[PDB]
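A.B. asks: One structure, as structure tokens, below. Some questions next.
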Amino acid sequence: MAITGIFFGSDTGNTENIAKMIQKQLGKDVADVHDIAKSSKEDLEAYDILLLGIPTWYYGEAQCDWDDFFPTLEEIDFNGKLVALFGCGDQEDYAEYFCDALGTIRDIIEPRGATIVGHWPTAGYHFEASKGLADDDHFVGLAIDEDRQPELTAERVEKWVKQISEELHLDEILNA
Ligand SMILES: Cc1cc2nc3c(=O)[nH]c(=O)nc-3n(C[C@H](O)[C@H](O)[C@H](O)COP(=O)(O)O)c2cc1C
């Protein structure tokens, strides 16, 4: 079976394309793609590496499928699991809520013993606040935006996948 579980929350379906652009680089032998709706606690524990994609909506809201799973997420064993986060957003009016829901996963996985990878630079975050920040210089996960919407996506998710592949040591699996 695959060693990486990619799980993506969605509404407009944009995150499915991100999950596929991740999986195609890693290879199907290395990564598989899921939506938390079909998951149980053991469905994550089966994997060593977990890529948890989450969009943010309606002023820092998490999508209902992930929100309903959070009381199960806090029971999952993450001890020694490698975890990376990804997301997309709009912040023109949502200026304090850009990719807010990244913080919601990041808060739960660490005390359950996760090892975090896959930071992404802000390149000088411009707006009021964002809860996905690990530092003012970098988000804790991939957070794509280009003029209030996700575009110029493929080059950014290629760079992010290549970065996690050298933290996770998937690079020496996928380039073989
Ligand atoms: C009414 C509305 C509210 C939104 N609220 C936020 C928000 O609080 N934070 C954010 O980062 N993005 C926000 N977004 C942007 C969406 O996350 C983004 O455009 C995209 O549609 C997400 O698609 P996906 O869930 O299918 O991946 C919002 C979009 C709309 C239309």
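Just remember, in the structure tokens the first chain shown is A, the second B, etc., residues are 1-based per chain, and ligands are 1-based in the order shown.
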Let me have all residues with an atom within 7 Å of ligand 1, counting only C-alpha atoms and all ligand atoms, laid out as a list in words.
C.D. replies: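 Residues satisfying the distance criterion: residues 9, 10, 11, 12, 13, 14, 15, 55, 56, 57, 58, 59, 60, 61, 88, 89, 90, 91, 94, 97, 98, 99, 100 and 149 of chain A.
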A.B. asks: Restricting it to N, CA and C atoms, dump the selection as an mmCIF file, in the first residue's frame.
C.D. replies:
```cif
data_model
loop_
_atom_site.group_PDB
_atom_site.id
_atom_site.type_symbol
_atom_site.label_atom_id
_atom_site.label_comp_id
_atom_site.auth_asym_id
_atom_site.auth_seq_id
_atom_site.Cartn_x
_atom_site.Cartn_y
_atom_site.Cartn_z
ATOM 1 N N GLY A 9 -10.027 18.614 2.079
ATOM 2 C CA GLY A 9 -11.352 19.213 2.227
ATOM 3 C C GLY A 9 -11.648 20.024 0.970
ATOM 4 N N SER A 10 -12.907 20.218 0.581
ATOM 5 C CA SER A 10 -13.255 20.916 -0.661
ATOM 6 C C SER A 10 -14.640 21.571 -0.567
ATOM 7 N N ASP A 11 -14.942 22.469 -1.515
ATOM 8 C CA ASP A 11 -16.293 23.005 -1.725
ATOM 9 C C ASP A 11 -16.533 23.231 -3.218
ATOM 10 N N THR A 12 -15.688 24.059 -3.851
ATOM 11 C CA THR A 12 -15.698 24.319 -5.289
ATOM 12 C C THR A 12 -14.924 23.239 -6.073
ATOM 13 N N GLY A 13 -14.153 22.389 -5.381
ATOM 14 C CA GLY A 13 -13.432 21.258 -5.962
ATOM 15 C C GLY A 13 -11.980 21.590 -6.314
ATOM 16 N N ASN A 14 -11.482 22.773 -5.923
ATOM 17 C CA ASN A 14 -10.128 23.216 -6.282
ATOM 18 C C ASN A 14 -9.068 22.327 -5.624
ATOM 19 N N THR A 15 -9.297 21.891 -4.384
ATOM 20 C CA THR A 15 -8.322 21.123 -3.605
ATOM 21 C C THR A 15 -8.071 19.735 -4.211
ATOM 22 N N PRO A 55 -9.258 23.966 2.898
ATOM 23 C CA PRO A 55 -9.651 25.308 2.493
ATOM 24 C C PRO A 55 -10.272 26.038 3.692
ATOM 25 N N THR A 56 -10.342 27.365 3.626
ATOM 26 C CA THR A 56 -11.030 28.183 4.622
ATOM 27 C C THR A 56 -12.163 28.929 3.914
ATOM 28 N N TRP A 57 -13.307 29.065 4.577
ATOM 29 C CA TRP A 57 -14.507 29.704 4.050
ATOM 30 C C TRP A 57 -15.086 30.648 5.106
ATOM 31 N N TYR A 58 -16.121 31.411 4.734
ATOM 32 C CA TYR A 58 -16.988 32.222 5.595
ATOM 33 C C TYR A 58 -16.310 32.740 6.879
ATOM 34 N N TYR A 59 -15.289 33.594 6.716
ATOM 35 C CA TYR A 59 -14.580 34.256 7.813
ATOM 36 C C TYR A 59 -13.996 33.237 8.808
ATOM 37 N N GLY A 60 -13.071 32.405 8.319
ATOM 38 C CA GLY A 60 -12.279 31.509 9.158
ATOM 39 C C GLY A 60 -12.976 30.189 9.503
ATOM 40 N N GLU A 61 -14.051 29.837 8.804
ATOM 41 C CA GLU A 61 -14.779 28.591 8.970
ATOM 42 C C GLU A 61 -14.027 27.444 8.282
ATOM 43 N N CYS A 88 -5.657 26.949 0.347
ATOM 44 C CA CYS A 88 -5.892 27.991 -0.644
ATOM 45 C C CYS A 88 -6.894 28.975 -0.023
ATOM 46 N N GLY A 89 -6.964 30.220 -0.505
ATOM 47 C CA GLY A 89 -7.871 31.184 0.097
ATOM 48 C C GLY A 89 -8.042 32.485 -0.686
ATOM 49 N N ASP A 90 -8.783 33.396 -0.062
ATOM 50 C CA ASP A 90 -9.132 34.756 -0.466
ATOM 51 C C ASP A 90 -9.152 35.548 0.837
ATOM 52 N N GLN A 91 -8.654 36.778 0.824
ATOM 53 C CA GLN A 91 -8.429 37.592 2.004
ATOM 54 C C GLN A 91 -8.636 39.087 1.722
ATOM 55 N N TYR A 94 -11.657 39.074 3.852
ATOM 56 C CA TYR A 94 -11.318 38.096 4.891
ATOM 57 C C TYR A 94 -9.867 38.311 5.379
ATOM 58 N N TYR A 97 -8.300 36.192 8.132
ATOM 59 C CA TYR A 97 -8.741 34.799 8.062
ATOM 60 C C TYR A 97 -8.084 34.018 6.918
ATOM 61 N N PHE A 98 -6.998 34.519 6.314
ATOM 62 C CA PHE A 98 -6.384 33.816 5.191
ATOM 63 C C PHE A 98 -5.873 32.454 5.659
ATOM 64 N N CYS A 99 -6.371 31.390 5.018
ATOM 65 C CA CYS A 99 -6.064 29.994 5.319
ATOM 66 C C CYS A 99 -6.150 29.688 6.824
ATOM 67 N N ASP A 100 -7.101 30.319 7.528
ATOM 68 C CA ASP A 100 -7.255 30.254 8.986
ATOM 69 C C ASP A 100 -7.247 28.810 9.489
ATOM 70 N N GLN A 149 -7.103 35.194 -5.153
ATOM 71 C CA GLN A 149 -7.554 33.858 -5.547
ATOM 72 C C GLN A 149 -6.318 32.968 -5.738
#
```
A.B. asks: Check the DSSP output for the backbone and give back, as a PyMOL selection string, the residues of chain A in strand (DSSP E).
C.D. replies: chain A and resi 4-8+31-34+49-53+56-57+61-62+82-88+115-117+120-121+133-135+138-139+142-144
A.B. asks: Would you mind listing what lies within 12 Å of residue 48 in chain A as JSON, numbers by chain, with only C-alpha atoms counted and same-chain residues fewer than 5 positions away left out?
C.D. replies: {"A": [1, 2, 3, 4, 5, 6, 30, 31, 42, 43, 77, 78, 79, 80, 81, 82, 83, 84, 114, 115, 168, 170]}
A.B. asks: Mind writing the picked residues with N, CA, C and O atoms as a PDB file, in the first residue's frame?
C.D. replies:
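Final file, out-v1.pdb:
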```
ATOM      1  N   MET A   1       0.838  -1.233   0.000  1.00  0.00           N
ATOM      2  CA  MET A   1       0.000   0.000   0.000  1.00  0.00           C
ATOM      3  C   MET A   1       0.865   1.273   0.000  1.00  0.00           C
ATOM      4  O   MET A   1       2.067   1.209   0.274  1.00  0.00           O
ATOM      5  N   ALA A   2       0.264   2.435  -0.298  1.00  0.00           N
ATOM      6  CA  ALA A   2       0.940   3.733  -0.239  1.00  0.00           C
ATOM      7  C   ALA A   2       1.390   4.045   1.196  1.00  0.00           C
ATOM      8  O   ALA A   2       0.793   3.555   2.157  1.00  0.00           O
ATOM      9  N   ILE A   3       2.417   4.886   1.334  1.00  0.00           N
ATOM     10  CA  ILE A   3       2.984   5.285   2.630  1.00  0.00           C
ATOM     11  C   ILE A   3       2.513   6.689   3.050  1.00  0.00           C
ATOM     12  O   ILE A   3       2.600   7.041   4.230  1.00  0.00           O
ATOM     13  N   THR A   4       1.988   7.464   2.097  1.00  0.00           N
ATOM     14  CA  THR A   4       1.483   8.813   2.286  1.00  0.00           C
ATOM     15  C   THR A   4      -0.027   8.811   2.029  1.00  0.00           C
ATOM     16  O   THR A   4      -0.471   8.375   0.963  1.00  0.00           O
ATOM     17  N   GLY A   5      -0.814   9.319   2.973  1.00  0.00           N
ATOM     18  CA  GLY A   5      -2.227   9.578   2.758  1.00  0.00           C
ATOM     19  C   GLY A   5      -2.397  11.072   2.538  1.00  0.00           C
ATOM     20  O   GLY A   5      -2.040  11.864   3.412  1.00  0.00           O
ATOM     21  N   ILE A   6      -2.918  11.465   1.379  1.00  0.00           N
ATOM     22  CA  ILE A   6      -3.300  12.833   1.074  1.00  0.00           C
ATOM     23  C   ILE A   6      -4.800  12.883   1.367  1.00  0.00           C
ATOM     24  O   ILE A   6      -5.553  12.094   0.801  1.00  0.00           O
ATOM     25  N   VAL A  30       3.597   5.631  -3.703  1.00  0.00           N
ATOM     26  CA  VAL A  30       4.043   6.372  -2.530  1.00  0.00           C
ATOM     27  C   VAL A  30       2.859   7.064  -1.854  1.00  0.00           C
ATOM     28  O   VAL A  30       2.816   7.077  -0.620  1.00  0.00           O
ATOM     29  N   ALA A  31       1.900   7.621  -2.608  1.00  0.00           N
ATOM     30  CA  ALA A  31       0.812   8.423  -2.058  1.00  0.00           C
ATOM     31  C   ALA A  31      -0.549   8.011  -2.621  1.00  0.00           C
ATOM     32  O   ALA A  31      -0.662   7.704  -3.810  1.00  0.00           O
ATOM     33  N   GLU A  42      -8.538   5.041  12.354  1.00  0.00           N
ATOM     34  CA  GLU A  42      -7.484   4.154  11.885  1.00  0.00           C
ATOM     35  C   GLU A  42      -7.103   4.439  10.422  1.00  0.00           C
ATOM     36  O   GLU A  42      -6.037   4.017   9.972  1.00  0.00           O
ATOM     37  N   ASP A  43      -7.951   5.151   9.671  1.00  0.00           N
ATOM     38  CA  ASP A  43      -7.747   5.416   8.243  1.00  0.00           C
ATOM     39  C   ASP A  43      -6.551   6.349   8.022  1.00  0.00           C
ATOM     40  O   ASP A  43      -5.888   6.266   6.987  1.00  0.00           O
ATOM     41  N   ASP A  77      -3.806   8.616  16.765  1.00  0.00           N
ATOM     42  CA  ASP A  77      -2.404   8.541  17.133  1.00  0.00           C
ATOM     43  C   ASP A  77      -1.591   9.211  16.032  1.00  0.00           C
ATOM     44  O   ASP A  77      -1.579   8.733  14.895  1.00  0.00           O
ATOM     45  N   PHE A  78      -0.892  10.293  16.374  1.00  0.00           N
ATOM     46  CA  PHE A  78       0.034  10.965  15.477  1.00  0.00           C
ATOM     47  C   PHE A  78       1.486  10.763  15.926  1.00  0.00           C
ATOM     48  O   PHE A  78       2.371  11.353  15.311  1.00  0.00           O
ATOM     49  N   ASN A  79       1.780   9.940  16.944  1.00  0.00           N
ATOM     50  CA  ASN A  79       3.143   9.802  17.457  1.00  0.00           C
ATOM     51  C   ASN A  79       4.051   9.294  16.343  1.00  0.00           C
ATOM     52  O   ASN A  79       3.864   8.185  15.833  1.00  0.00           O
ATOM     53  N   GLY A  80       5.033  10.116  15.969  1.00  0.00           N
ATOM     54  CA  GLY A  80       5.998   9.807  14.924  1.00  0.00           C
ATOM     55  C   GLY A  80       5.428   9.901  13.501  1.00  0.00           C
ATOM     56  O   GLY A  80       6.189   9.702  12.552  1.00  0.00           O
ATOM     57  N   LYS A  81       4.137  10.220  13.314  1.00  0.00           N
ATOM     58  CA  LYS A  81       3.588  10.472  11.988  1.00  0.00           C
ATOM     59  C   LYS A  81       4.215  11.759  11.472  1.00  0.00           C
ATOM     60  O   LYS A  81       4.313  12.741  12.219  1.00  0.00           O
ATOM     61  N   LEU A  82       4.612  11.786  10.201  1.00  0.00           N
ATOM     62  CA  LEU A  82       5.069  13.015   9.560  1.00  0.00           C
ATOM     63  C   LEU A  82       3.834  13.675   8.967  1.00  0.00           C
ATOM     64  O   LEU A  82       3.078  13.006   8.263  1.00  0.00           O
ATOM     65  N   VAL A  83       3.601  14.960   9.234  1.00  0.00           N
ATOM     66  CA  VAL A  83       2.388  15.634   8.790  1.00  0.00           C
ATOM     67  C   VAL A  83       2.778  16.931   8.087  1.00  0.00           C
ATOM     68  O   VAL A  83       3.647  17.668   8.560  1.00  0.00           O
ATOM     69  N   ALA A  84       2.136  17.202   6.954  1.00  0.00           N
ATOM     70  CA  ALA A  84       2.282  18.426   6.180  1.00  0.00           C
ATOM     71  C   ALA A  84       0.878  18.957   5.899  1.00  0.00           C
ATOM     72  O   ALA A  84      -0.058  18.166   5.762  1.00  0.00           O
ATOM     73  N   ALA A 114       2.549  14.427  16.301  1.00  0.00           N
ATOM     74  CA  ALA A 114       2.965  14.628  14.912  1.00  0.00           C
ATOM     75  C   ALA A 114       4.312  15.347  14.830  1.00  0.00           C
ATOM     76  O   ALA A 114       4.621  16.202  15.666  1.00  0.00           O
ATOM     77  N   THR A 115       5.065  15.055  13.768  1.00  0.00           N
ATOM     78  CA  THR A 115       6.246  15.815  13.378  1.00  0.00           C
ATOM     79  C   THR A 115       5.817  16.643  12.163  1.00  0.00           C
ATOM     80  O   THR A 115       5.302  16.082  11.196  1.00  0.00           O
ATOM     81  N   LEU A 168      10.796  14.607   4.122  1.00  0.00           N
ATOM     82  CA  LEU A 168      10.196  13.282   4.262  1.00  0.00           C
ATOM     83  C   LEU A 168      11.109  12.185   3.695  1.00  0.00           C
ATOM     84  O   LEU A 168      10.844  11.001   3.907  1.00  0.00           O
ATOM     85  N   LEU A 170      11.108  11.390   0.606  1.00  0.00           N
ATOM     86  CA  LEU A 170      10.395  10.799  -0.528  1.00  0.00           C
ATOM     87  C   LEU A 170      11.147  11.057  -1.832  1.00  0.00           C
ATOM     88  O   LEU A 170      10.906  10.348  -2.805  1.00  0.00           O
TER      89      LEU A 170
END
```
A.B. asks: Find the spatial neighbours of residue 142 in chain A, counting only C-alpha atoms, within a cut-off of 9 Å - ignore same-chain residues fewer than 3 positions away - and output them as a list in words.
C.D. replies: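 Once the adjacent positions are removed, what remains is residues 53, 84, 85, 86, 87, 88, 118, 119, 120, 121, 139, 156, 157 and 160 of chain A.
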A.B. asks: When DSSP works through the backbone of this structure, what residues of chain A end up as helix (DSSP H, G or I), shown as a ChimeraX atom specification?
C.D. replies: /A:14-26,36-38,41-45,64-73,102-109,153-167,171-174
A.B. asks: In Å, with one decimal, what is the gap from CA of residue 25 in chain A to CA of residue 171 in chain A?
C.D. replies: 9.6 Å
A.B. asks: Report, in Å with one decimal, the straight-line distance from CA of residue 113 in chain A to CA of residue 52 in chain A.
C.D. replies: 15.4 Å
A.B. asks: Quick one: residues within 8 Å of residue 136 in chain A, only C-alpha atoms, excluding same-chain residues fewer than 3 positions away - as a list in words?
C.D. replies: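 In the requested format, the answer is residues 122, 124, 125, 133 and 139 of chain A.
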A.B. asks: So that I can see what lies close to residue 155 in chain A, please list as a VMD selection string the residues with an atom at most 12 Å from it, counting only C-alpha atoms and leaving out residues fewer than 5 positions away in the same chain.
C.D. replies: chain A and resid 18 21 to 22 144 150 160 to 162
